[PDB]
C-alpha cells in the first residue's frame, strides 16, 4: 500500500477512494499545511496530493524529498507549481482540469439573475431586520427576458451559460477569437461579433468568461466601460485580473454600471475594499465550482493521476 499525503480535506467520496487504495496521511485545515510540514511529511510518503494553496515555487520543488516523484494537483491550473523545476528533477506532475463547466455556468447565471433582481440587497434587508413590508417601489430590479447578454469568451463555459440564458429568453451575442461552429451558434441562436467593441455596444448584460492573457489583463476598465450601454450589468467568473477594480468601483458609484456580480477578484481573498459597501454588487467567495459533483470529479481525477504513476503508465492529466 503506497502512501500519499493529502494536504487538505477533500469531499468524502474522494477521501474514501484514497483510503481504499493508499495509506493516506490526511491533513486538516484548521491550521493548514505549512510548506515545511509538507516537506517534512513528504519523507514518509510516496506521493503528494496538493491544492492550489500549496505554492510549490522552484525553491520549494528543490527542497522536496527525493522520495517523492509524483505531485497531483487538485486544480485546473498550475500557476502554483514550477513545471520546469519538476521536469528537470524528474518529478511528474498532473492536474484535475474537468468537472467544473456546468458548475461555473450555473454561477455565472446566478450572478446575472441575482444582479438583475437585487438578491444581495434583498438578503440583507431581511437578515438586518430592516424590512417594513411590501411597497410598490421596494428593491425593484429588471427582468432578463428579451434583454441582450454579451458573452466574451464562448468556449465550454460560455456555451453552457448561453444554454441557461436562453431559458430566461435572453438574446445571446458573443465574441471569441475562436468562432464556434455554425451547428453551435444555431444551438443558442447566438449572434457572433467579430470585435469586442462590437459586442460591448449591445451588451446590457456582460459576462467575462475570457482567457487571461498579458494583453487582456485589466482590459475591463474605464474606456471599456464607456462602450457598454448605460446601466449595463457585468458579471465575472473567470479571472479577477481581467477587471480593473478602481474603474469598476467608480462606475458602480456613478451608476455608469447598474450592478456587478463578481465571483473572482484581483488579490483574493484581499479584494479591493471598495466592493464591501457597494450596495449594487452581488459577490461570491470564488464559489464557481463549489458543487459536490464538481469537487469530486476533480478529486477522482487527482487520484487517477497518482494511480497511473504507481501503476507505471502515463498520467491522465500529465502536466510534467
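Positions refer to the first chain, counted from 1.
Point to revise | Stretch with the greater mean C-alpha B-factor as recorded in the entry, comparing 37 to 45 against 289 to 297 | key: Higher mean C-alpha B-factor in the PDB entry: 37 to 45.
Check your understanding: Going by the B-factors listed in the PDB entry, is the mean over the C-alpha atoms higher for 5 to 13 or for 18 to 26?
Key -> Looking at the recorded C-alpha B-factors, 18 to 26 comes out higher on average.
Practice item. Could you check 268, 59, 253, 263 and tell me which one carries the biggest Cα B-factor in the deposited entry? Key: Result of the comparison over 268, 59, 253, 263: 59.
Review point. Which of these has the highest Cα B-factor in the record: 225, 125, 137, 83?
Key: Reading the PDB entry, the winner on C-alpha B-factor is 83.
Check your understanding: In terms of the chain's CA B-factor thirds, is residue 78 lowest, middle or highest?
Key -> Highest third - that is where residue 78 ends up once the chain's C-alpha B-factors are sorted.
Review point. Residue 241's Cα B-factor: lowest, middle or highest third of the chain?
Key: Middle third, going by the recorded CA B-factors of the chain.
Practice item. Select lowest, middle or highest to describe the third in which the CA B-factor of residue 130 falls within its chain in this entry. Key: Top third by C-alpha B-factor.
Practice item. Name the third of the chain's ranked CA B-factors that contains residue 111, choosing lowest, middle or highest. Key: CA B-factor rank for residue 111: lowest third.
Point to revise | For residue 67, the third of its chain into which the C-alpha B factor falls | key: Ranked within chain, residue 67 CA B lands in the highest tercile.
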